[PDB]
Ligand SMILES: *C(=O)CCCCCCCCCCCCC
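Residue numbers (full-length UniProt numbering): 2 to 119.
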């Protein structure tokens, strides 16, 4: 609540277009949503609530971590969603990509060899 950033406001505004439901009709991301993901995923990774990086490396790292934990534990829609959120935001943010659906973004991150397994 002090300083602002280009990639920050640009990422959020763009994320609004991202289709979390995957289909191209409502159910898109946003400010509150993006926060709910990073916030939850943060605590899940035994990391303080003040986790707000600004590098594609930091994002891809958080994913691999949360994935590893959620993996050995099984699978959870909640945590799963948070992951896909940080993914689309990372690509559509750092890469300023126009992710049509959170699902597509995650597919690219993994397809490129960033996210462990599909
Ligand atoms: C005042 O409102 C403080 C909150 C503003 C934080 C700025 C954004 C910091 C960078 C986070 C980017 C997300 C990376 C996954």
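Backbone N, C-alpha and C fix where the C-beta goes; we use that ideal spot for every residue, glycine too.
- Distances from the alpha-carbon of residue 89 to those of 29, 79, 52 put 29 closest.
- Across the set 18, 6, 112, the C-alpha of 18 shows the shortest separation from the C-alpha of residue 31.
- As computed with DSSP, residue 78 is found in no beta bridge at all.
- If you check the CB distance, residue 23 and residue 102 come in under 9 Å.
- By the 16-neighbour rule on beta-carbons within 10 angstroms, residue 8 is exposed.
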